[PDB]
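Student: Here's my sequence, what's the structure:
(3 chains, ligands or ions: 8)
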Amino acid sequence: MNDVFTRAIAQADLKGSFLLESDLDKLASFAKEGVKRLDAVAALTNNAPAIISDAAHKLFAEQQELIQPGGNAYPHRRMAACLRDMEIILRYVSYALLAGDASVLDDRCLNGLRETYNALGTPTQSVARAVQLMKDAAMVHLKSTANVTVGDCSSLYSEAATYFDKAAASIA
Amino acid sequence: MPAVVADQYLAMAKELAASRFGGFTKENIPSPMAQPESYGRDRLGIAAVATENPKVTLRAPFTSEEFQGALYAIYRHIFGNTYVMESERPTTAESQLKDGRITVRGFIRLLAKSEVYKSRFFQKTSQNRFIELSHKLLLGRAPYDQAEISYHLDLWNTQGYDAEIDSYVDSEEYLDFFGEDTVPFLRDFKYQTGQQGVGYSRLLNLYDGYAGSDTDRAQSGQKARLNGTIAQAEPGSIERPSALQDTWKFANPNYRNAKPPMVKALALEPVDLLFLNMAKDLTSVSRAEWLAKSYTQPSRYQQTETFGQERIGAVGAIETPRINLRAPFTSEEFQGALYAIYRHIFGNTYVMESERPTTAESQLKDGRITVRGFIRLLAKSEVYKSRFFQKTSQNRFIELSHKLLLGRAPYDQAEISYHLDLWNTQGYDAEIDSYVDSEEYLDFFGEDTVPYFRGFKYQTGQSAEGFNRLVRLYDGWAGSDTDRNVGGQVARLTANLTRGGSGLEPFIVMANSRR
Amino acid sequence: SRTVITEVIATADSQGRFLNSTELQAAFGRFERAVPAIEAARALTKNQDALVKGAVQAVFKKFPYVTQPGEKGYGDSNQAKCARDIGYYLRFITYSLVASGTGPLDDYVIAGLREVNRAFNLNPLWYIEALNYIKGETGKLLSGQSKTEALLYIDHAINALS
Ligand SMILES: CCC1=C(C)/C(=C/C2=NC(=C\c3[nH]c(/C=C4\NC(=O)[C@H](C)[C@H]4CC)c(C)c3CCC(=O)O)/C(CCC(=O)O)=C2C)NC1=O
Ligand SMILES: CCC1=C(C)/C(=C/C2=NC(=C\c3[nH]c(/C=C4\NC(=O)[C@H](C)[C@H]4CC)c(C)c3CCC(=O)O)/C(CCC(=O)O)=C2C)NC1=O
Ligand SMILES: CCC1=C(C)/C(=C/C2=NC(=C\c3[nH]c(/C=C4\NC(=O)[C@H](C)[C@H]4CC)c(C)c3CCC(=O)O)/C(CCC(=O)O)=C2C)NC1=O
Ligand SMILES: CCC1=C(C)/C(=C/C2=NC(=C\c3[nH]c(/C=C4\NC(=O)[C@H](C)[C@H]4CC)c(C)c3CCC(=O)O)/C(CCC(=O)O)=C2C)NC1=O
Ligand SMILES: CCC1=C(C)/C(=C/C2=NC(=C\c3[nH]c(/C=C4\NC(=O)[C@H](C)[C@H]4CC)c(C)c3CCC(=O)O)/C(CCC(=O)O)=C2C)NC1=O
Ligand SMILES: CCC1=C(C)/C(=C/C2=NC(=C\c3[nH]c(/C=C4\NC(=O)[C@H](C)[C@H]4CC)c(C)c3CCC(=O)O)/C(CCC(=O)O)=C2C)NC1=O
Ligand SMILES: CCC1=C(C)/C(=C/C2=NC(=C\c3[nH]c(/C=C4\NC(=O)[C@H](C)[C@H]4CC)c(C)c3CCC(=O)O)/C(CCC(=O)O)=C2C)NC1=O
Ligand SMILES: CCC1=C(C)/C(=C/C2=NC(=C\c3[nH]c(/C=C4\NC(=O)[C@H](C)[C@H]4CC)c(C)c3CCC(=O)O)/C(CCC(=O)O)=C2C)NC1=O
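Tutor: Residues are numbered from 1 along each chain as shown, chains lettered A, B, ... in the order given. Ligands and ions are numbered 1, 2, ... in the order given. Right below this line is the structure:
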């Protein structure tokens, strides 16, 4: 697990010299925008139940075979497992968003997750769909301009989109 | 009516539908993916070690059977699933456990330091294999990171074997999950607060089934199986043993997956994906937004709201303000109303300062006459007569007075006959009073509003030609009804009125048939 | 369309006179108010999808019954038309904001509104609910004057519906 700064440092170390002025400008700009980044991570953290309820409702509307006898979210145990997985993946996406890098998400969360779901008999495409729906709800909450100073945050929205899309692509 | 089916089949249908709540509905169908609740752990063969075997806990006081079962579980977990012979059984350690000198944790520490554990999992192994085994048997999980292997290899190299075993058993993870009293169990088969994506797969790789074991007596030896995958940060293998292939064969987890077509569809003429793009636009997305955006597509008619009024040249004549002049009014309101009145009632023709009626304006200023009475005076004036009466035919005067005083064109030839007769028998003034005292004039203009062009909108009772006739009477905003044109002041609507139309309608009806 | 400049020109033209100080000052007021109005229209455009979806769901919340089968709010087509209508209203409100006059709303939505709603059995209360919604969120999307112009135009549409 490394952030944007440790990523830059590792790339510099591989070639084996100091961080260039362009690299330091990039990282200083990142730290300057880190306040907006904190706002985005707070948006994901305070609205997790809303995001995951919305995603689950949409997912079991589109895919009814999941919540009906025989389905992979049928009894309370597997339904709870599904909502738990949604919580987990949202959590790691917010971690990566704070880090400014997707190393925590990939290394700690999504690495053996497709293998786990394949061994359990869980539709990885349904899981990816759930992550997409959860991305959409999360993006609704991130853009919220209430309680927070107004300003451009398009880079943050795009970055959160890449984190969710990477999660989906890794699962499916 | 005779019975259509035999009663046995009716009974069978009734009792099939009786075992459903709601019988047979579309909402209460079984899932096509026919997975029991225990589908996953049964097909993986981990049902016993993950859900069925209880967590064995031993406290300070206990009976004989509790002690013996605890010992059986301990030996079946810590020593892998390998047969420990009676000569190998540790007696003093379990006497200390029985006394209460050591906890179950202390017993695990002793056993992992014993020659049984070392002979099985240390002396004929790599250190990688030893660390895998010790994570599995002592921490109930598999190593997550290569840093763990580096840490444990360095710890054994510097401080020895027992420091390694203590790092396992004294770890906060071991005490969080097992404390001092419950035997360690495989614990990454259920999600816990500190798990990682690779953990499930790697534990599955390390676990060889209930009848499998971690024995050095394999002909290939005691070999590491996670040494290459932990280094490369890969998941573990999820291939399960061969006796589980018959388990839950009829489940269809990959139900949503689409079967490919035998041949990709092409569109030879306009390119080779318009069918694929059409199918992605048809089914891949929900119907609601599909219709929503189809509704708001621009039309092939590129027609603004003023389109149609611009074509006939009547946008201004339609949108100009309606001047209403009350009894009390200011100078600006009065002069603007005068301007509007002279522009309409004199047909956009220039009236010089000498021709303007001062006495009539004064009477209107005082309130002696209304706007209607002013209009009546104006239309009786030599200005109006000389422009619209004296150098004209009566047809032109009648269409022109309709246009100027009613804001509409004649609707039929009966109006022409009526007005010609009225003027011929009573004179010009009576004929003007016919327009100004008409119910139409009072219902639309009514004593206070300047006349405006009414016939660009549908009027009740209109003849479907009065619109066309007002268009043919109107010459745009900069057109006038002057008598100073080269030919003179000549009629416009004589043939259309008398005929009642163009005379091409029967042939239009023919044309709308065959050809 | 009836806007400040257009009514200026039309009133001067109806009296056949040039543009004097009164009308030039009205034009000046319009040109000064353009900045708040144009950036309010910018804000409303940027958030059209969320506003329309929220308005449709607000209509379904205040009028649950329409959602049931057999009446107006049922079916994919009917709800797509709800969304299209609410988008129409928002579009012409932004138009009026930009043009600094109720002209676009007057000529595109308000002229002929009652006849059309009556003919197609459309409740003005649905659209009033949607516009009250849009009003509520345009409150928090906008600050200062821009909020003011946006709400004058939204309330003009609401008053036209009632
Ligand atoms: C195997 C055992 C099992 C049970 C028991 C079970 C219950 C259950 N009911 C659900 C939906 C629901 N269930 C209800 C029940 C309410 N309806 C009201 O009329 C009543 C006051 C009340 C019932 C007494 C409602 C309203 C919902 C919809 C909630 C939502 O919006 O998602 C859901 C959410 C998933 C879905 O959308 O279908 C579950 C998991 N699921 C299971 O797998
Ligand atoms: C820290 C990172 C991490 C993650 C994310 C993780 C996920 C995870 N999900 C699991 C089961 C599951 N996961 C799901 C959820 C899926 N199935 C439903 O159909 C949905 C389509 C979909 C969710 C949107 C379900 C239903 C199960 C239970 C399957 C079974 O027990 O047969 C399991 C097996 C153990 C258990 O049942 O608790 C793991 C380890 N584990 C981790 O260590
Ligand atoms: C408790 C952790 C924490 C939070 C929550 C936090 C919020 C925070 N947001 C700020 C400004 C800001 N916040 C944002 C972010 C918003 N812009 C858009 O509306 C987005 C919806 C949204 C983010 C995606 C922006 C653009 C600014 C102005 C730029 C700046 O001052 O840095 C500021 C600087 C003071 C101010 O201008 O008001 C703080 C302290 N800081 C913290 O240390
Ligand atoms: C789920 C219940 C369960 C089963 C079924 C089970 C079977 C089992 N038998 C084993 C060894 C063995 N099994 C046998 C028995 C076979 N060899 C002879 O030829 C006979 C023909 C035949 C028996 C009829 C032998 C000889 C060994 C020892 C192999 C060796 O040490 O080289 C082992 C390896 C344990 C170790 O050596 O540490 C297991 C796991 N264990 C279990 O926990
Ligand atoms: C008990 C018997 C046993 C041994 C000896 C053993 C070797 C071993 N060497 C390791 C790493 C390593 N080994 C080396 C040494 C090599 N690289 C240098 O260039 C040299 C060419 C060469 C030494 C002459 C290095 C540099 C690492 C760290 C690799 C890395 O972090 O990428 C590791 C992983 C732990 C770690 O990353 O620190 C093991 C387990 N494993 C065993 O079970
Ligand atoms: C949309 C606003 C509007 C315009 C523009 C307008 C133009 C206009 N000029 C007219 C007459 C006229 N216009 C002219 C002007 C021409 N004489 C030439 O020497 C010059 C080169 C040229 C002018 C620069 C003249 C001389 C007449 C009188 C024709 C006549 O008395 O026979 C007339 C007929 C009215 C009448 O003759 O009493 C109109 C309608 N009227 C309007 O309501
Ligand atoms: C002020 C200048 C002026 C004149 C004179 C004029 C003539 C005139 N004669 C008309 C009708 C008529 N005119 C006549 C006269 C004919 N009957 C016999 O055939 C004779 C050969 C002939 C007369 C000697 C008749 C019969 C009508 C009735 C129309 C019909 O046939 O329905 C009409 C149509 C309106 C109406 O029916 O009363 C006009 C406008 N128009 C004018 O603007
Ligand atoms: C008494 C007999 C009579 C009739 C029937 C009549 C029709 C008539 N229809 C008109 C406009 C119109 N009529 C229509 C209707 C047509 N366009 C739509 O696309 C449909 C294809 C179609 C109806 C099914 C429309 C849209 C207009 C407005 C066109 C415009 O203002 O540019 C107008 C122009 C005045 C106004 O807009 O109020 C007339 C006079 N007039 C008459 O005096």
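Student: From residue B:345, how far out is residue B:445?
Tutor: Computed as Cβ to Cβ, to the nearest Å, the residue B:445 to residue B:345 distance reads 11 Å. No exception for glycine: its C-beta is placed from N, CA and C like everyone else's.
Student: shared neighbours of those two, anything?
Tutor: residue B:451 (Cβ atoms under 8 Å, 6 or more residues apart in numbering or on different chains).
Student: Where does whichever residue of the stretch 101-250 of chain B sits closest to chain A sit, in terms of helix or strand?
Tutor: Shortest the stretch 101-250 of chain B-to-chain A distance, computed as Cβ to the nearest Cβ: residue-wise this is residue B:235, at 3.3 Å. Remark: residue B:235 resides in no helix or strand, with elements defined by DSSP states H and E.
Student: what sits against it?
Tutor: Shown in contact with residue B:235 (Cβ under 8 Å, 6+ apart): A:111, A:112, A:114, A:115, A:116, B:197, B:198, B:201, B:202, B:229.
Student: residues from chain C in reach of chain B?
Tutor: Contacts of chain C with chain B, taken as Cβ under 8 Å from any Cβ of the partner chain, map to C:10-11, C:14-16, C:76-77, C:79-81, C:83-84, C:87, C:107-108.
Student: Sorry, wrong one. I was asking about chain A.
Tutor: A:63, A:65-66, A:68-72, A:74-75, A:77-78, A:81, A:84, A:88, A:107-116, A:118-123, A:125-126.
Student: Could you look up the next helix or strand downstream of whatever helix or strand residue B:339 lives in?
Tutor: Here residue B:339, judged by DSSP H and E, is contained in helix B:331-345. Per DSSP H and E, helix B:331-345 leads on to helix B:358-366 as the next helix or strand towards the C-terminus.
Student: Next, the buried residues of that following helix.
Tutor: Along helix B:358-366, these residues count as buried under the neighbour rule (16 or more other Cβ atoms under 10 Å in any protein chain shown): B:360, B:361, B:364.
Student: and chain A, which of its residues are near chain C?
Tutor: A:140, A:145, A:146.
Student: Are any of the residues you listed buried, and if so which?
Tutor: Here, 16+ other Cβ under 10 Å leaves residue A:140 buried among the residues of chain A next to chain C.
Student: Can you add secondary structure and distance to residue B:75 and give the residues of chain A next to chain C back as JSON lines?
Tutor: Shown next, in JSON lines, are these (DSSP: H, G, I helix; E, B strand; the rest coil; distance: Cβ to Cβ, whole Å):
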{"residue": "A:140", "secondary structure": "helix", "distance to residue B:75": "56"}
{"residue": "A:145", "secondary structure": "coil", "distance to residue B:75": "64"}
{"residue": "A:146", "secondary structure": "coil", "distance to residue B:75": "62"}
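Student: List just the nearest of the residues of chain A next to chain C to ligand 2.
Tutor: Set against ligand 2, the nearest of these by Cβ to the nearest ligand atom is residue A:140 (18.8 Å).
Student: Now look at stretch A:47-67 and say if it contacts ligand 3.
Tutor: No. On the criterion Cβ under 6 Å from any ligand atom, stretch A:47-67 is out of touch with ligand 3, staying 12.1 Å away.
Student: ok, now which ones touch residue B:104?
Tutor: B:57, B:58, B:70, B:74, B:97, B:178, B:180, B:181, B:182, B:183.
Student: Quick check: the two most widely separated of those?
Tutor: Greatest spatial distance among the contacts of residue B:104 (Cβ to Cβ): B:97 and B:178, at 14.9 Å.
Student: On the three-state scheme, residue B:75 is what?
Tutor: The local conformation at residue B:75, judged by DSSP: H, G, I helix; E, B strand; the rest coil, is helix.
Student: any idea how far the closest residue to it other than its chain neighbours lies from ligand 6?
Tutor: Nearest non-adjacent residue to residue B:75, counting by Cβ to Cβ, 6 or more residues apart in numbering or on different chains: residue B:84, 5.5 Å away. For residue B:84, the distance to ligand 6 equals 113 Å [Cβ to the nearest ligand atom, to the nearest Å].
Student: ok so, going back, who does the helix holding residue B:339 touch, helix- and strand-wise?
Tutor: helix B:371-379, helix C:4-14 (3 or more Cβ pairs under 8 Å, 6 or more residues apart in numbering or on different chains; DSSP states H and E).
Student: so does the longest one get close to ligand 6?
Tutor: No. Interface with ligand 6: helix C:4-14 contributes nothing (Cβ under 6 Å from any ligand atom), its closest point being 8.9 Å away.
Student: Only the buried residues of that helix, if you could.
Tutor: C:4, C:5, C:7, C:8, C:11, C:12, C:13, C:14.
Student: Run through the residues that contact the fourth one.
Tutor: Residues counted as contacts of residue C:8 (Cβ under 8 Å, 6+ apart) are C:19, C:23, C:26, C:27.
Student: List only those of these flagged as buried.
Tutor: C:23, C:26.
Student: and the two most separated of the contacts of residue C:8?
Tutor: Across these (Cβ to Cβ), the longest gap, 9.6 Å, separates C:19 and C:26.
Student: the helices in the chain, which residues?
Tutor: You didn't say which chain, so I picked chain A. Taking DSSP state H as the test, the helices found in chain A are A:4-15, A:21-46, A:48-62, A:76-99, A:103-104, A:113-120, A:124-142, A:154-171.
Student: my question was about chain C
Tutor: Along chain C, the stretches classed as helices by DSSP H are C:4-14, C:21-46, C:48-62, C:76-99, C:103-105, C:113-119, C:124-141, C:145-161.
Student: Just the element for the residue nearest to residue B:75, please.
Tutor: Going by DSSP H and E, residue B:84 is not part of any helix or strand.
Student: Got phi/psi on it?
Tutor: The phi/psi pair for residue B:84 (degrees, to the nearest 10) reads phi -100, psi 120.
Student: ok, the residue nearest the centre of chain C - contacts?
Tutor: The centre of chain C sits closest to residue C:93, judged by Cα atoms, centre = their mean, with a distance of 3.0 Å. When contacts are counted by Cβ under 8 Å, 6+ apart, residue C:93 touches C:44, C:105, C:134, C:150, C:153, C:154, C:157.
Student: Would you confirm that the fifth one contacts residue C:104?
Tutor: Same thing as residue C:153. No. Using Cβ atoms under 8 Å, residue C:153 is not in contact with residue C:104, being 9.3 Å away.
Student: With neighbour numbers in mind, choose between those two.
Tutor: residue C:153 (27 against 23; other Cβ atoms under 10 Å in any protein chain shown).
Student: Name the residues of the stretch 201-350 of chain B found near chain C, please.
Tutor: B:287-289, B:291-292, B:295-296, B:305, B:319-321, B:323, B:332, B:335-336, B:339-340, B:343.
Student: Pull out the buried members of those residues.
Tutor: Members of those classed as buried by 16+ other Cβ under 10 Å are B:291, B:292, B:320, B:323, B:336, B:339, B:340, B:343.
Student: Next up, identify which helix or strand the second one is on.
Tutor: Residue B:292 belongs to helix B:287-295 when assigned by DSSP H and E.
Student: Of all the residues in the helix or strand just after that helix, which ones are buried?
Tutor: Where DSSP H and E defines the elements, the next helix or strand beyond helix B:287-295 is helix B:309-312. Across helix B:309-312, burial judged by 16+ other Cβ under 10 Å covers B:309, B:312.
Student: Would you mind putting the CA coordinates of helix B:309-312 into PDB?
Tutor: Output in PDB follows, covering the C-alpha atoms of helix B:309-312 (Å, rounded to 0.1, in the frame of the first residue of the first chain):
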ATOM      1  CA  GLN B 309     -46.400  33.900 -39.100                       C
ATOM      2  CA  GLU B 310     -43.200  34.900 -40.800                       C
ATOM      3  CA  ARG B 311     -44.300  33.100 -44.000                       C
ATOM      4  CA  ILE B 312     -47.400  35.200 -44.300                       C
END
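Student: Give me the contacts around that helix.
Tutor: B:304, B:315, B:318, B:456, B:471, B:474.
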